[PDB]
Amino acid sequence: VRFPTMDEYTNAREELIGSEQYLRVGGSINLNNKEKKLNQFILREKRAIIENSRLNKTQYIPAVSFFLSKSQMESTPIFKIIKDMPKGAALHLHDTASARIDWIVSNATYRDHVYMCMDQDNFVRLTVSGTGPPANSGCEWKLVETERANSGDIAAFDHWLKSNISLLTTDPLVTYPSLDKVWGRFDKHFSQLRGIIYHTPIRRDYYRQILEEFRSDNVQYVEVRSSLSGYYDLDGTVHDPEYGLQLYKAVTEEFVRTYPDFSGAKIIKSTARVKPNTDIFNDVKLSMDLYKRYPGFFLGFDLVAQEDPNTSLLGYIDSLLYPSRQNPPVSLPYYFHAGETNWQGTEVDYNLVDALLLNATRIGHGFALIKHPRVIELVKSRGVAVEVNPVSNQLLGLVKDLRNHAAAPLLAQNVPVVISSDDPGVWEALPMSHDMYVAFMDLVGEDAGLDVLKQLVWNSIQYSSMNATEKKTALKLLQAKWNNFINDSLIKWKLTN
């Protein structure tokens, strides 16, 4: 008889469950006594919300649309703890989508020579024109200063601007109920802001706001995708990508000199995968040059824009292999978005295969990765972190209930993962706290606590592209922040026994 007594059965059961706990993200962390006090509180709070949803037969709010869950999570202790927690790094961000729309309205649209129009889809667009009103080809441009002053209600005018640009004005899962409809709205958002956010002094100040906002959410480091190109002055001068990089380098250096508690930022050049192979070839050659001349600030290259309907990595493969085929070879790092899809066995999810054959340093999303066991082996073996952006994947159509997020089985296998926010400004998310809350409540289990959070935070620095010296310094800083956070939390939640 295998299990003659309850003790024989529970021994076997607990060993099996415990063995799985040891294998998931964070499973090897040993919390100290102060961390354990906070962990026990976090776990009591987590069990209360889950058991209420399960036994009282009501929806699990952390997993529903961000439109519905945002205001509900923000009043809760677990969210308030994650808000205070140091996050380490946000490694997957886009530079035109990472600061508040409120700042675009309250700051940028109060500058001279900003114009607005309603396009033929009934969306507001914003741009800058130094010479005069822009040509009235597809819409009638009007000076924002005049429209605001004539609105008869300035606060309502500004709120309307914000409402007409944000993807969280209504629930995207209701208003744009298909992949194509919501990506239509997402694409439109960037068209709405493109003119104003490419004007050089606004773009400079917007990048500074990214750093300020991320610091204010207790993020100490960011790596940012940027096209770098086409920043334009009031007189019409258009700058090249190297200028865009130098501009970001100077903002970043000023910021880190102001805030020693902040580790800094580095940049990845992104190009939209709707362009011909000759454009990607030129941007690859550009990236080779910037990688050589800005070591330690310019990281490498990525291809962006919607993955499903546009060009695969294989479609650009001669361009992407060009660095490695030089004599001597040139090693241009790649940070490919890859597998941001529900498709299986197609040109889209097979981008994961090409991303690994091209030696990607990290991969963006990897939503399809759990369908590719041989790619998982390579990702684990090589230490290629997967940048998981859970709110983005829900709102942009890959999943509805976030407990079905395809990164939950990755985390259960200890695939290297970092959490990030992707385009938080587009849908009114915080730099990291909302995405970290939904990862913690939806993508790991009821009995997963502070150890998961600590591991994800440490991962974001460990799998950053900092050099060894920078990384050692950043981890010492993170450890200090973490200690202060534990001590402060014990006092705040009245856990000091």
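The numbering used is simple: start at 1 and walk along the sequence shown.
Comparing average C-alpha B factors as deposited, tell me which of 126-134 and 224-232 sits higher. Comparing averages over the C-alpha atoms only gives 126-134.
For the higher mean C-alpha B factor in the entry, choose 329-337 or 257-265. Looking at the recorded C-alpha B-factors, 329-337 comes out higher on average.
Pick out which of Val418, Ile81, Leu290, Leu313 has the highest C-alpha B-factor in the PDB entry. Of the candidates given, the C-alpha B-factor peaks at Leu290.
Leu410, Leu286, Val399, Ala368, ranked by C-alpha B-factor: the highest one: Out of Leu410, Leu286, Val399, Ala368, the record gives the largest C-alpha B-factor to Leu286.
Within-chain third of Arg208 by Cα B-factor, per the entry: Within its chain, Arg208 is a lowest-third residue by C-alpha B-factor, going by the deposited values.
Cα B factor band for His94 (lowest, middle or highest third within the chain): Lowest third of the chain for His94's C-alpha B-factor.
Which third, lowest, middle or highest, does the CA B-factor of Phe281 fall in along this chain? Highest third.
Where does the C-alpha B-factor of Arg362 rank in its chain, lowest, middle or highest third? As the PDB entry reports it, the C-alpha B-factor of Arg362 lands in the lowest third of its chain.
Comparing against every modelled residue in the chain, figure out the third that the C-alpha B-factor of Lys57 lands in (lowest, middle or highest). Its C-alpha B-factor belongs to the highest third of this chain's values.
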